[PDB]
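Student: experimental structure and its sequence below.
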Amino acid sequence: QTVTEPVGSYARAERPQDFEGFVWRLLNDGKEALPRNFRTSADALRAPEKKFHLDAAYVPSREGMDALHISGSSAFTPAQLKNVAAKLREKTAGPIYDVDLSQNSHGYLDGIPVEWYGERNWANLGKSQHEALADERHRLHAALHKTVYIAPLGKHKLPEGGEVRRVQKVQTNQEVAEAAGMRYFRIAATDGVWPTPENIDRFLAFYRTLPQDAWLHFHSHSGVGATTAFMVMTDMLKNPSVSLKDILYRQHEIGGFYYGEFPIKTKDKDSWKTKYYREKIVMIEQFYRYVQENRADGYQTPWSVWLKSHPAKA
């Protein structure tokens, strides 16, 4: 019968072989001291971005913020992560986690953070976390003592310039995190789309294990879409008394994405993104509902089970 694919799971209808990886893309040139979009739940709010059409004078409740203990950023060189860790240490005496949100195969070649890139950044689309992590290990390791082309992308998201090098060292994301004094947790979530129910179940089960003074540093590709998603989830889960509006505004105003509805004006070039943007907005609301309606336990029912019997609507 139906649905073939429910709201929250639109990406399952896309075809993986149409998006296979073809180049090692540079994640950061390492010039700056910190990764891009670095931000912390202890930071002061800034004015919202114009594109979102929000009242710059609305001040969301800061209730829960000082105890939230989360941060986000884009990808980083190992030195940049050490800089991150030193900054987070000033704010907490607890275990600091790098929470790595990327489904794609990624790591470090001669210390250079790289990702195996396919169109739309969907090189591991459809792979289980097991399958995605296996590809990663095989592919990083195959690079050692071999010549690779690593480049940034430019016009039409194709390789432009870059360098070619014969790799003398390979490191995993866990290795780079460990070296900076951070614990590591991986969630293999596809870039650009709402995380699968399994992605979220896995985060929730991990969240439940954490010591209360754990600090979560989320990172993804550009440290905007996916990082804000999980920051928002953590914020709601840990602070269920604050309104949906206040969570969305405050997470946006410390420098993340705004996950509420806004005048979405994409190009014809990125017309494919429109339904995924709209899916994310609906699902953020659904997860708010999950938090609100399952707060009476316990959270006896996991997200994926609750969601299956409480579908969001288009």
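Tutor: Received, thanks. Numbering: from 1, shown residues only.
Student: kindly report the domain assignment for the chain.
Tutor: The record's domain parsing of the chain by curated CATH domains lists 1-29+104-171, 30-103+172-314.
Student: which parts of the stretch 1-150 of the chain are helices?
Tutor: Ranges of helices in the stretch 1-150 of the chain, per DSSP state H, counting those that start in this stretch, are 65-68, 78-89, 129-141.
Student: tell me what the last one is packed against?
Tutor: Taking 3 or more CB pairs under 8 Å, 6 or more residues apart in numbering; DSSP states H and E as the contact definition, the neighbouring helices and strands of helix 129-141 are strand 106-109, strand 112-118, strand 183-189. Any C-beta I mention is one placed from the backbone N, CA and C, and that applies to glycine too.
Student: go with 10 Å
Tutor: Using 3 or more CB pairs under 10 Å, 6 or more residues apart in numbering; DSSP states H and E, the elements in contact with helix 129-141 are strand 21-26, strand 106-109, strand 112-118, strand 170-171, strand 183-189, helix 197-207.
Student: so which of the ones you listed gets nearest residue 131?
Tutor: Between residue 131 and the helices and strands packed on helix 129-141, the shortest separation by CB to CB is 8.8 Å, and it involves strand 183-189.
Student: follow-up on the earlier one: now the domains of the chain as TSV including mean neighbour count?
Tutor: Listed next are the domains of the chain as TSV, based on neighbours: other CB atoms under 10 Å:
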stretch	mean neighbour count
domain 1-29+104-171	16
domain 30-103+172-314	18
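Student: how close does residue 247 get to residue 213?
Tutor: Computed as CB to CB, to the nearest Å, the residue 247 to residue 213 distance reads 22 Å.
Student: which residues touch residue 86?
Tutor: 180-181 (CB atoms under 10 Å, 6 or more residues apart in numbering).
Student: then residue 48?
Tutor: Per CB under 10 Å, 6+ apart, neighbours of residue 48: 54-56, 58, 249, 252-253, 258, 262.
Student: re the thing from before, what would the helices and strands packed on helix 129-141 look like in a markdown table with distance to residue 130?
Tutor: Compiled in a markdown table, the helices and strands packed on helix 129-141 are given as follows (distance: least, CB to CB, whole Å):
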| stretch | distance to residue 130 |
| --- | --- |
| strand 21-26 | 18 |
| strand 106-109 | 16 |
| strand 112-118 | 17 |
| strand 170-171 | 21 |
| strand 183-189 | 9 |
| helix 197-207 | 11 |
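Student: so which of these is nearest residue 67?
Tutor: Of the helices and strands packed on helix 129-141, nearest to residue 67 by CB to CB is helix 197-207, at 14.6 Å.
Student: who wins for proximity to residue 242 among the helices of the stretch 1-150 of the chain?
Tutor: helix 65-68 (9.2 Å).
Student: show me where the stretch 201-314 of the chain has helices.
Tutor: For the stretch 201-314 of the chain, helices defined by DSSP H, counting those that start in this stretch occupy the ranges 225-238, 244-253, 273-294, 303-308.
Student: in a markdown table: the ones you listed, plus distance to residue 100.
Tutor: A markdown table is the format used below for the helices of the stretch 201-314 of the chain (distance: least, CB to CB, whole Å):
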| stretch | distance to residue 100 |
| --- | --- |
| helix 225-238 | 10 |
| helix 244-253 | 19 |
| helix 273-294 | 20 |
| helix 303-308 | 20 |
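Student: for residue 29, find the nearest of these.
Tutor: Judged by CB to CB, the one of the helices of the stretch 201-314 of the chain that comes nearest to residue 29 is helix 225-238, at 19.7 Å.
Student: quick one: work out the angle between that closest one and helix 244-253.
Tutor: Calculated by axes from the mean of the first three to the mean of the last three CA atoms, to 10 degrees, helix 225-238 forms an angle of 140 degrees with helix 244-253.
Student: residues contacting residue 216?
Tutor: Contacts for residue 216 (CB under 10 Å, 6+ apart) come out as 41, 68-72, 88, 95-99, 183, 185, 203, 206-207, 210, 230-231, 234.
Student: repeat that with 8 Å
Tutor: 69-71, 97, 99, 210, 234 (CB atoms under 8 Å, 6 or more residues apart in numbering).
Student: need the max-distance pair from these.
Tutor: 71 and 210 (14.8 Å).
Student: the nearest residue to residue 227 once chain neighbours are set aside and residue 161, how far apart?
Tutor: Nearest residue to residue 227, sequence neighbours excluded (CB to CB, 6 or more residues apart in numbering): residue 72, at 3.7 Å. With the distance defined as CB to CB, residue 72 ends up 29 Å from residue 161.
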